[PDB]
Structures are given as structure tokens and as C-alpha cells.
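Mind having a look at this structure? Questions to follow.
We just call them A, B, C, D and E in the order they show up, numbering each chain from 1.
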């Protein structure tokens, strides 16, 4: 019955500071072992830090002296304050409740921390018009990850294929989201790419039509 | 055989901090007298700071207490950390190897530091279509300097005239880049303005045609 | 630290047969090991803990054995939603280290791709760029070849491919190959074609369009 | 603190009659009270100080009385430019506290609104949104009802209204009701109409347009 | 005992030979913090507390002033100004069992860290989620004590280690814990420096015909000088003639 919802990710400069938050619902953060775990894009999991049930904090040796895990006990919130952020600290970070500092029973959904000198760029959204029929939208030239693409505010979820984004030679990301729909619904049902880039506050709702 | 390549220029707020870097190739920064020299736009040269061969640092009296010259000895890099930047500190700064703190034998290409309250604006690029025939592009309404304009990725360099930018009444800059080309090559050869504004990360590649 | 080594790096098995996943420790952990399953996009979820005991809600087909140096996670009958990356964790020593992961994918009867081609819309052509999109929908195996023909001339290095992960329901893949040009280099050519060579196709499939139409 | 309570919260009187504005203090301030007038947009300007004495340049119709707990600002004959919010300040106690304000507005002979309708310009329709603007110009009283008809079908909750303050010269109001849609939901319907129901209109006023024209 | 319910023995009203411990080959760890190890036979303390428990091999480093861990926070906390000696030795041949030795437990969950020298033996169900966890164990309601499984085939750092922590504390009550008072063979009829039960001097110690009462130890003349004494080893009376002096 628990939920672990995380916030506070985005771009930082190399050498900057960022404070990740982790809200819990079905348990209290003050009296559990809570931990932050690193997963780099393409690489496996890596433990960053843990806070004990009594408040003892521990860190990995590659990250000691820079990160600080803490809690707010009143309304069950876990914080990770990050300082002097290197370029190898870009990853998805997860908060997790552990039974001791052993096995992580429940995990958070994760927050992406990107460490680069590049600036935030809003995405450019283009239609991939059909001629069953396939149709989509190209989400091109944004920074950083992630762009969330939905279809008809989530009403269309069957046959939706949102491809992973590829890094261009320019340095920006590009992906495509396609869907296979019947040709009988082409003239009746409208299709909306709900492209959302929360690092850039972009909420493009684009109609794709033949 | 030496090269002095500088980086780290752009806009700062009045009162901000900026760290200029100077990479050297054919000599070691640790055992030479290294200096930073100021040249305001339109005004002559002005010495800012020097670091000695043994590490003694000296500054001009108009800039003491705000700037700090330093070195990284491992891969030959010179740094200038600038604090509390006044509006009279907008200039092209050069790093230079000196024979002592006397005469500057080799200089860097320079980095432009602009101190203003104005925000970064990307340039707007317009074609100047021809009717030999002259043709160009207008690079208008950007901030700050410099915009680098090239032609056919640098393949066209004969007859290319990129004018100095004038400051408008609005406060933004405008320049023009023209070229004189034969009329026989008008229908065969295409011309590309490779306008690049690195303060705004703008890489407009515009086709100019009659 | 304790270096944790998975075996194999990738496992591709038919639905219903024994998936054996080995995990080896650099120094001996007695029973201090857990196994996690991570689906693509999702966070990891704990499958077993103390090297044997199932977490509540984990299906009965997941089980574990081993002690000391060698440990083993066994899935007795693979299902469609078991396509994931499986990690082993030691926690006996003070630096909590994870394994490198084992990517377990499922095998399937061979399916021919559904090929579609998307021409560039004119409002990116007035942004100075063109992108032609070849889509391969609902195919197995992942190993597919996409060739780009521009007026029957083969391109090279100016196309980027993006492949989805294996689907948890119907166990197929999707691919999207994007051909990026300039505006003037796209206007100079007429017909654009996508060649698809796949194990499920007896002949390569050509999907083309004309720039004018 | 000293809580300062105004009376009434809103005062609506004809031009030329006695505007009496009461201000009550939580604990007694002897003569340590000031009255300010704030027109909309403008900063406050001091009308009287020491609960009785007029500041220089303030008109003679503004006067004040009262002491202890009860204080009173009296405007003997209201004029058109006296539409404002009037605040009382105590300053006897160390935390300087203001009153909640009294909004004094003026009454007027009833004026029918001039109704105009603005269709959405096509360069916001190519931004993916549509906004249809109904304008009600130079009317009194402020209490007016605007209904939106879309092919003679009543909308609900997708329109926002913005009303100006009362004008200092001619004592009327203006209203603007903005109907926000999507592009495709605006293209699906033909005729768009604005119904205005006001006290100055014997019948509701319909201003409509067709999307094609 | 287990470390969550560590035993405490109050060593008092006795004399302690500490150098049969410091010269014992069995102890893997012998760390005295506030006091030098060899100086223990000379210093006298009011009482000693011996705190005995069993931990893992890798948790021995947490029994130290200012260290932090599971054992330091929730099982056994030493103060920052700790005087005493931590002694630990491997007991894999005693506390380990082939079928598992689950008799040794440790506290995993607690709402706050222990104060120094605080014992917490409560086994009540840990409210980990602050739901209405009305005593019954289950989800978000954990048992606070985990068991050390012990096998003899374990590596070092997972093997059991018996730890005795000696805390020498000195309140201003009279001190009753001292070392062994060294003694040497009695030499008579020679001018020697005698030290009998804290009474020191120089003299010739000869046999005495004075019969002391059994409670009396020293003897004084009219001029309050010690001329008779009782040997503490063998209850015999010795006259203390002054060493010869004279004009030349």
C-alpha cells in the first residue's frame, strides 16, 4: 500500500548542488532504513548512500564528502543534498526502503540527474503522417532527458510504441512515438501527441492527421 | 610551435564571477611567467595580472582584490577567476607567455567577457538576395558579441566581407556578411551562411539564393 | 569491495524452460544475497532475499539456491513478462555492491515486420532540416537490417536507429530508422526508399515515396 | 497587535450624499489614527492624520471624527473620482497595523452595454488554441450576465471573465469574457454567439459570427 | 550473552592481575583507550564493569569510542571519553553450529540511538510505518531482533567473536580494585631500604622479641619513630635498627 514519489531532478553545472526529495505514503521515513541507489544509463545498479533507523548515515567511498542524506520526520520526507557534482554522477537515482541496510524491499520510481555544461533546450515536435495505418510524432532536438509522450491524454495505450531517444552528432536527443490504428477511425478519431518536457516546461499538444 | 587556446567567456551579471581558462601546448605554464591582458572594445591594451615562474602573483591597482590568477600544473592550464565584475570589465582578455613580467612573446587568441544586465538573445538571420553579383546575409538582433559567420563551411573565403556589428537603438547588435561571386555560378553553386552564436547555442545554416 | 559477476550476460530462452542465472562473489557471503528484477523503465523489485526466501507477491517459479561464492536464481518456466534484467546484491560486507545484471529475453516464433515510411512534414523543411522515418513494427528476432536508398543510391552514416525493448505481452520488437538530411540536399533528390532485410522476410521489403506527391 | 475593523466592507452611494465610514480598534488608540485613499493601480495617498487634521491638498469634503475605539471618516458630497478603497491606520502601538479597507463605489443612472465580439485571429489558431472575446463597454451596474452559445449549445466552465474597476470620469464598467477552446474543437463548430443579459437591456443581446466569414 | 542483552559483571572488592590477560596469546583484539596496557597493574580503580557479548568478526571495530554502526547505535554504545580495554577473540569453535546457531541476536531496528552504557532488552513489535500496528506482526511491523546465523565453515568477518569490554570507573568512593602488589624475598641483618605496606624507610631488619597483638602491624617508641614492624608475608616481628652513622 506504499508509494515512493521522487522529485528534484534536472540539469546542474559540473560542480553544482541539487537536493532530491522522496515522499513516502504507506510508511514513515523516520523509523525505517532509507537509501539512495544509483543507476547510470546503460550500466547496472550502484549504492550511493543509506540513513539508518536511528539516523546514522553512510556513503559509498566514491561519493563520500560530497553527498548528504537527511530526513524530515514530520511528514515523512527523505532528502539527498548533492554537492560538487562530477560528470559521472548523471544517473537515475532511486530512494528505497530497506529491511536494514540489506535488501531493498520497496523502491521509488527514480529521478534523473544530468550533469553537463549544456543548457536546457525545449523540444521540437513534428508529425509523422500516415498514408491498418501507422502514425506518430518525431520529438527532436531537446536537452535533457526525459520527454514523456502520451496519446489522447493516455486514452490510447494499445499499440503505442515510444522509441528510446538517440543522441545526435549535435548533442541533442531525438525520438519517435508511433501508434498502429485502424484506417476506419482515421476520419473520425483525432490523435494528439501530448509531448511533455518537464526540464523545459514544454506542453506541446500536437494533432497528427493524414 | 606553441598554441594558446582560451575559453570561458560570455555574459555575467554586474557583480558576478567568471573563470577564464587558457590551455597551452608547446610550453609548460608551471615554469613560465604567465599574464592576463585587457583590451576594451575600441580602447588599447591594459595589463590585468601576472603569475611568476615561482608562483608570485601580481595585479593592477584597479583590479586588486577581485581577480585571482592560478595555474593547473599537470596538463598546463592557466585560470583567471573573476569576482565582483564591474561594467568596465567588458573586454577581450588575452593570456600571454612573457619573458619575465616584461614583454609578451606569445599571446592567446582572446576571450570576450561582457558585463551587462541584458539577457542572451539568439540571432535572426535574413537573406540578402542578389539581382558579377554580390549576395549576403543580415545577422540582426542578437546579444552579446561575437557572431561568427562562415560561407560553405569555410570553403568560400575569397571576397568574403563580414562587416563589424553596429549597436542599434534597441540595444542589440546587427551585422551583414557579403560575398562577390560570379553570375555563372549562381544557378550551379549554392551559398550557405553558417551563422554561429556560441553565447546562444545557435547554429543557423541558411541558404542564400537569387 | 565485493565484485559480483553474473552469468550469462544475456539469456535468450523459449517460454517454459529452465532459466538458470549464476552469480559469483569475489569473497564469500554466507547467505547475504538478494535477487531483484528490473523491467525496462520500471524500478527494480525484490524477487528473493537471504539467497532463498521469496518476497511476498513474487511468483512460485522464481527460486534461489547457493551459498558462499556461487549462487543461482532459477525460473522453472519462463513467461512473457519475465523479459527483464536480473541483479544479484550482496549485503554481508559494508560497501553494498550490485551485480552487473543479466538480461533475460524470451524467444518467439518468427514474425515478419510491418514496414511503414513517413516523409518529412513541410514545417520542419522550413526549419532547414529533413527527417525520413522508416518504422518496423511487431517483429522477432531483433536482428534486422535497414538500408536507405536515395534515388537508388545507398546512404552511409547519416541514419540513426532506435530499437524498443521486447514487449511484455506479445514478445516482439519495434525499430525506427531516422534519415537526417539538409533542406537543399533533400530537395535535390526525388524518390526515397527503405529496404528491410529480416529473417521473417523471404525477400527484402522496399517502401518508397516520391518527394512531389 | 491592534486589529482594525472597517465598516461597511463595501459602500455604494449616489453622488452628493453623506459617505460615513467607520473604523474600530481592538484596543484604544487615543488620537493616533490616519486615513488613506487608494485608487486602483495608484499607491495610497494620505487623506487625514491625527484622526481629524486634513493633509494639504486633500479636498474639504473629506473630514474625520472619533477617538478611543470608534473613528469615522465622512465625505459630505461624493464625487466621481472618490471611487477608491479607504484604509484606516493606527500608529499608537508599536506594530503599525492597517485596516482591512472599505471599497467606496459610486452609483449611476443605468447604462446599456455596448457589445462587441472578436473572433480568434488565424495566427493563434496555428498555435493550437482559439480564444473568442466578448466585450461589454461602458455599462452600469456591474452585475451583468454573459452566456456563450456554440451552434446554440450552452458552454460551461470554459470561459473566464475580467471586469475593470469603476471609471473615475463616467462611472461605468467594462467586461471581457474570453472563451478558450482547442483548435480542432473550434474548427468543428460553425456559429459562435455571445448572449448579454443586463439590467439596462430589455432583451438579451446576441452578438454572433460564422467561422467561415 | 547476545549483544542486545549483553551481560554485565561488576568486578569489585578484589585484586586483578591484568597481565595474565595482556600476555595471553588467545585474544585477537586488545585495545586499551584511556589507559596504557602495562600500567593497569599499578593503577587502582574504584570498580570495573565487564560487559560480555558475541558479535560478528567485522563488527569488532565498532566497539571503540566514537565509532558508529549497528552495534554502537542499537546494541552497545561506548562514550567518547571511554577509559577501559576492549578485548575480543574468535570463538568460531564454540558459538558456531553445523545446523545453525540462532541463539545470538542483535537489534536491527530502534527509533533512536542508545545512550552510552544503555541496555535495551525490549522485544516489543517495532512500529515501522506508524499505521495502527496494534501489536500484531506483519507488513510494516517488524521484529526488531535479527539472528546471527553461525556455521563453522564461515570466513573471517562472519565468524563469531566473543567481546569483553572492561570499563574501569573511579568514583570518589574508596578504591578496591588494584593490581598484584609485588613482593621480594626478605633480607635480614643488612642496611636495606624497606617498604612495608606503604611504610618506607632505611634500616637493619633483625629478629624481634616484641610480641605484637594480631591487629597491630608497626611499632613506635616514645619519640614516634618506627622501631618494630610485622612482615605481612610471614607473621613475624622485626626490629628496625637505624643504619650506623657516626663522627669521624
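Here is the rule we use: a residue touches a chain if its C-beta (ideal position, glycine included) is under 8 Å from a C-beta of that chain, and two chains touch if they have at least 3 such contacts.
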| item | value |
| --- | --- |
| Given chain D and chain E, the chains that contact each of them | A |
| Length of the shortest touching-chain route, chain B through to chain C | 1 |
| Chain nearest the overall C-alpha centroid of the shown protein atoms | A |
| Chain pair, most C-beta pairs within the contact cut-off | A-C |
| Centre distance in Å when chain A and chain D are each reduced to the mean of their C-alpha atoms | 46 |
| Centre-to-centre distance between chain C and chain A (centres being mean Cα positions), rounded to whole Å | 19 |
| Mean-CA-position distance for chain D and chain C (Å) | 62 |
| Chain E, residues touching no fewer than two other chains | none |
| Residues within chain C bordering two or more other chains | 94 |
| Chain E-touching residues of chain C, taken from the complex the two chains share | 27-28, 30-31, 68, 92-94 |
| Touch list for chain A against partner chain D, complex | 190, 204-207 |
| For the chain A and chain E complex, residues of the former touching the latter | 2, 26-28, 30-32, 52-56, 99-100 |
| Residue numbers on chain E that touch chain C, as the complex places them | 58, 149, 151, 153-155, 157-158 |
| Chain C-touching residues of chain A, taken from the complex the two chains share | 44-47, 50, 58, 60-61, 94, 99, 101-110, 124, 126-131, 134, 136, 138, 140, 161, 163-166, 168, 174-176, 178, 180 |
